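Next up: just one chain, as structure tokens, the form deposited in one PDB entry.
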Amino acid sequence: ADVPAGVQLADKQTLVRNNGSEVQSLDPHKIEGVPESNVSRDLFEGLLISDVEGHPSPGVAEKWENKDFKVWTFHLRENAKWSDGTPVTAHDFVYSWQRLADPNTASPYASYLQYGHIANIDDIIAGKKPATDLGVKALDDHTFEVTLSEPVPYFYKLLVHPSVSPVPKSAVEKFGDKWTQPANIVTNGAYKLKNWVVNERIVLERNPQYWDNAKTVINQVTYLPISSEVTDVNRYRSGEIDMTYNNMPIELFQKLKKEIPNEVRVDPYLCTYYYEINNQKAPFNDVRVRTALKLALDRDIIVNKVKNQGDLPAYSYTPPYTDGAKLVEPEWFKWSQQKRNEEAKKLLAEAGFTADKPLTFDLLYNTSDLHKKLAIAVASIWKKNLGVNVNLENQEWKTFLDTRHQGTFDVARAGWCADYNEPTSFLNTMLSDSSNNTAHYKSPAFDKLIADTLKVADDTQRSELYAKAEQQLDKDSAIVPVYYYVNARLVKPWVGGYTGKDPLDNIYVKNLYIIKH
């Protein structure tokens, strides 16, 4: 943390953050959500990290070079260490990126190595080549070299993501899936794991072997798993919680803006809220049904009337303000809701649905005050505007993600937040073979469009190809875009170092500090 001159620090440097839910795992190759990555950033550090404003900056790698955007060489700081005091080396990374690539690890983020185009990854994931053929090598203990199959000018931007963080092979090999227990785990970020009580708390303590330890200020941070946004706000205001999770309750937000305006942080965020349709399950495999659901939803009502917390009505998957996004707003989005509804009804009537045999399906969401209130409103709007019946169902976070990966669900409450600020952090996830493709969408036309983006060596042709990829997605009604999130949360006045300038919200507790209060 960089504590400004003249700030007085509290004697006790501890922090309590709400983290939305119980994490799927603390293993960097088994995780894919925000709550998981919030904890992962404090425990495991990759080649690069985001600075306090989000810019890609030195992580274990103090400096790097590239040749033709295809061969990337990372020079690892000599004092990078794990929590047991042993050196962090380039072989840790080799081992780690191979384990991510290996089908037997079954990482939800296996395809991140496809997104960076590391050599031989397609064959590895397909089981045609062993993981040991991946295009990574340790040239020595402090030098990690990555070879891509084509030029990727933004490659280093990917490397702050938890899936490319190192894992300690000895712990992994000796303890299997219990390697992340506190008595076994070994970590290289600013914190170590002190305690983990499922559905109660995760407590982290300063890791004194961290290379940048001298600048770390918070000695302990607790992450909680409260999925009720009302409860999170209540335990913030009672004094227990210093930073809520960044999901705000419909019940209390407007009041909060008026009672504690300086604690209510609202900043740009590269995330989209949408209803993920299971594209492979009838009747959702019919474009007519998907398009009707997409068009009959009334974004104005949801976004400005029922939520009203600053979100923007969405007509795409990639947020329009992603760096490199130059999206074309579909014509359906400028129609009146009235014209949207008629088109929707016409389409379902064409799909074989009638008053007598209406369309009925499930809307699956993760236990939450906010998502339940929004699902209820969506249900009513769909009932009213289109005559479809929806059954609401809530699932705890971890189970919910497994349900979507299993793909027999109907529709699910989804959100995707950028992992790197470039349109393919979103677009790559709808590739037919992406491990992140829970929409279960498979379009050869879509795949081609994206594959072509690295075949050109021009940003304009790339941006136009991302624009067309979003038009293919929309044409197919792969999803139901709802809104583009704003990052809204409560932060106590004594929490210093949280700028809100990072549109990916990659916070590191090593950058924060408690002001004397």
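The first residue of the sequence shown is number 1, and the count goes up from there.
Just going by the entry, 19-27 versus 496-504 on mean CA temperature factor gives the higher value to 496-504. Comparing 242-250 with 336-344, the stretch with the higher mean C-alpha B-factor in the PDB entry is 336-344. If you compare the C-alpha temperature factors of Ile260, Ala110, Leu148, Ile202 in the entry, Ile260 comes out highest. Of the candidates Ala349, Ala90, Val411, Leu193, the deposited coordinates give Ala349 the top C-alpha B factor. Sort the chain's modelled residues by C-alpha temperature factor and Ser37 lands in the lowest third, per the entry. When the modelled residues of the chain are ordered by C-alpha B-factor, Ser477 sits in the middle third. Ranked against the other modelled residues of its chain, the C-alpha B-factor of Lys510 as given in the entry falls in the lowest third. Ranked by Cα temperature factor within the chain, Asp452 sits in the highest third according to the deposited record. Per the deposited record, the Cα B-factor of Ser163 falls in the lowest third when ranked against the other modelled residues of its chain.
A second form of this protein, the form deposited in another entry, is not displayed here; the remarks below concern that form.
The residue from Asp419, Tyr269, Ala190, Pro166 that marks the hinge of the rigid-body rotation between the shown form and the other one is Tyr269, the others lying more than 12 positions from any hinge. Compared with the form shown here, the Cα atoms of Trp64 and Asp458 sit 3 Å or more closer together in that other deposited form. In comparison with the shown form, the Cα-Cα distance of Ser57 and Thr460 decreases by at least 3 angstroms in that other deposited form.
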